[PDB]
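In: Take this sequence and fold it.
(7 chains)
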Amino acid sequence: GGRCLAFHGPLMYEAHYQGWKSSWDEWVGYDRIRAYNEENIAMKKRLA
Amino acid sequence: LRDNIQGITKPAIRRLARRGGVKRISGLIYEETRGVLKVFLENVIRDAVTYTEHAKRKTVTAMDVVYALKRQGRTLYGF
Amino acid sequence: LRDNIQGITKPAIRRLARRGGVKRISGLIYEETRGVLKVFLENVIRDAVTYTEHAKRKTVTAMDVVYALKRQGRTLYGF
Amino acid sequence: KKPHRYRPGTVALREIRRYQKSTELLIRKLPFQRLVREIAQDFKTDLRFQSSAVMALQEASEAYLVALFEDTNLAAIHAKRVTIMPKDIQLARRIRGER
Amino acid sequence: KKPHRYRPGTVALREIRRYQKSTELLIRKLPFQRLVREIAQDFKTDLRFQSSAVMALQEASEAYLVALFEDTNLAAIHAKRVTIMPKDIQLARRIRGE
DNA sequence: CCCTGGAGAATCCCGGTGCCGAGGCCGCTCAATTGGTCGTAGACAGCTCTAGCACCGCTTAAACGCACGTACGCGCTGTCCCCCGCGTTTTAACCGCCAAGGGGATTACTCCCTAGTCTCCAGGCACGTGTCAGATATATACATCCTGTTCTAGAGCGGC
DNA sequence: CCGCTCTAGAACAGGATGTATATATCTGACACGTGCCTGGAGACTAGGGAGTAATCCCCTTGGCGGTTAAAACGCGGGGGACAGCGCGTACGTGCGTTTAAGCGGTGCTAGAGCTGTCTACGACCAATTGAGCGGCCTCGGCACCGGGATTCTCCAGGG
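Out: Residues are numbered from 1 along each chain as shown, chains lettered A, B, ... in the order given. Please find the structure below.
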């Protein structure tokens, strides 16, 4: 469930990273937070 | 049966272009390909309709379509 | 009989393209058009040769030329 | 990190090699089949089509479109292009005599 | 004193109009006659052709080449050109299947 | 640089000749027309039964849509060399005329082999089935393409 | 004028994802075997259409001069194909999401073979006969020859 849950810097992890291939998924259980999707992926990665 | 000309989907037309060696496919080619396919089908099927009507049959066989394509110089092997 | 492929002169090829509505004619078109005409003549006359050989005749008639053109989907009227 | 991001044309060539060696039909059976029925409805209301009857029409239409696309593609390189255009098909049918 | 000096293209279009509404044979008779005999002598020697037999060959060859030139010209405007090329003819024969 | 008036030349409308191909006429003869007569393909009636039509689960690969950017269609420039318009001089094209002799066309005699049956039998077809090459499946493995990092060459700058 | 540092093109190596293969096993038509059985083959009868011979007249090839239309050569030049550059958009790539294609299943009947049946229909045979075509007479429509002209087009002058 949800749309953003990851232990590292999230990239819209669903339950899987959207916009990425299926051969990258990790299903480990750690301390997961949202932080408004790491404050909008670190303000668009410091604006490109 | 309406709007069945859209049954030839965009990837289906794209796959036909890839079989023909086409590298880049324009966005306006799908309407033109559908129109060409509709015109080609409106000749062969109508030819098969006259073949079916003349044969005292109400179902179109592949055998009648074989002569319908053959009479236009497009003979098909394997039926 | 040698060098008879040059009988189709450059203005003659120029005049043929004028009938087809060609604006400008390149200098390499005449050599290509002569080769295309030679290939086309090598098929029609050879087919007419077999038609003349089948009739036990030594002179090719106009009717055999018509049948040679008709079998390739290029039927000619007036002969 | 970034994905592979294949350049435009690379996957197109892979699709070209795949579909030129595989004989599977590109057009789906049912959407093409219903197109036969609605076209034949204009000529006969009470008409039926065999499974092999629709099969024969599909391969002939696919081969004709592939042959048309081959002539359409060759006109593109002839016109200093790599993208097929609707005017290229109109040129292809007219040269072939199919308007 | 200034010469007329027609620009290229206008007289060519004039030749197009004067030769599309006319029906005279553009290719001369004996040059086409001698070409037929040379080609036929490679297939069979001591072969003769009737006068009307070459007449059928001459009109059919001109109409086939005119129709080929029409597709050749149509390829030029399709390729954003007004001058026909030898590669234009090669494309025309390939599409027709010849 | 664009708009407009005047004149050079290929093209279009028109009067007179005529001539040679098109229109009209005479036989008449051979192919179209009339009647009869059967073998026989075909329209019609009943059975059926095998394949297509219609609807239903489902699941899953196929397809619509949106975000992004880089190969590419397209707009614009020059040039120069490739092609057209025209003057000149050959050149073979066409018609004018004449035979030639292989050769197309026609007629006839005759002779082989193909039309048409009888019988049969041995190769071909429908049915049944063991089976052996292809497809699905998946970890393994290619395999080339895209991209990142480093190597080396080139141009710019500063000092002696 | 030479050495030093900056910058960038390009060869090279590593990661990535869609296919090339090495089995495991299913599997499903493939070809072999069988039993017929239905069409081709040996043999025969008869006749008819072409092979061959002859004729004939006809028509294409070779072979000349004449001439004037046109191919060919060359000069001037002029407008266009293409190399090149710049813009941008619109189509390649990629997954989210949806949605219908297809596999399998069930039921029904639409109707194509299949088998009789009976029936008009067309090839073939006498008998015939009337306008199509080869040929001849006539005649007029447009090719030819000029004559003239509107009439569309390019070059030069002006704003």
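
In: Name the residues of chain D found near DNA strand G, please.
Out: Residues of chain D found near DNA strand G (Cβ under 7 Å from any atom of the strand) are D:3-12, D:14, D:17-18, D:28-31, D:33, D:46, D:48, D:80, D:83. C-beta coordinates here come from the backbone N, C-alpha and C atoms, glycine included.

In: Among those, name the ones in strands.
Out: Among the residues of chain D next to DNA strand G, DSSP state E puts D:48, D:83 in strands.

In: Of the residues of chain D next to DNA strand G, just the buried ones, ChimeraX syntax please.
Out: Of the residues of chain D next to DNA strand G, the buried ones go into a single ChimeraX selection, burial set by 16 or more other Cβ atoms under 10 Å in any protein chain shown:
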select /D:12,33
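
In: Of the residues of chain D next to DNA strand G, which belong to helices?
Out: D:10, D:11, D:12, D:14, D:17, D:18, D:29, D:30, D:31, D:33 (DSSP state H).

In: re the thing from before, filter the residues of chain D next to DNA strand G down to the ones near chain E?
Out: When Cβ under 8 Å from any Cβ of the partner chain is applied, the members of the residues of chain D next to DNA strand G adjacent to chain E are residue D:80.

In: In this structure residue D:61 contacts residue B:40, no?
Out: Yes: using Cβ atoms under 8 Å as the test, residue D:61 is close enough to residue B:40 to be in contact (6.4 Å).

In: Residue of chain A closest to chain E, please.
Out: Evaluated by Cβ to the nearest Cβ, chain A has residue A:48 as its residue closest to chain E, separated by 38.8 Å.

In: Around that residue, how many other residues sit close by?
Out: A total of 4 residues lie near residue A:48 under the criterion other Cβ atoms under 10 Å in any protein chain shown.

In: now residue D:58
Out: By the criterion of other Cβ under 10 Å, residue D:58 has 19 neighbours.

In: what comes up buried for the strand or helix carrying it?
Out: Residue D:58 is part of helix D:51-78 when elements are defined by DSSP states H and E. The neighbour-count check on helix D:51-78 (16+ other Cβ under 10 Å) flags D:53-62, D:64-76, D:78 as buried.

In: returning to that earlier point: looking at the ones in helices among the residues of chain D next to DNA strand G, spot the one nearest residue B:8.
Out: Proximity of those to residue B:8 (Cβ to Cβ) peaks at residue D:31, which lies at 6.7 Å.

In: Lovely, talk soon.
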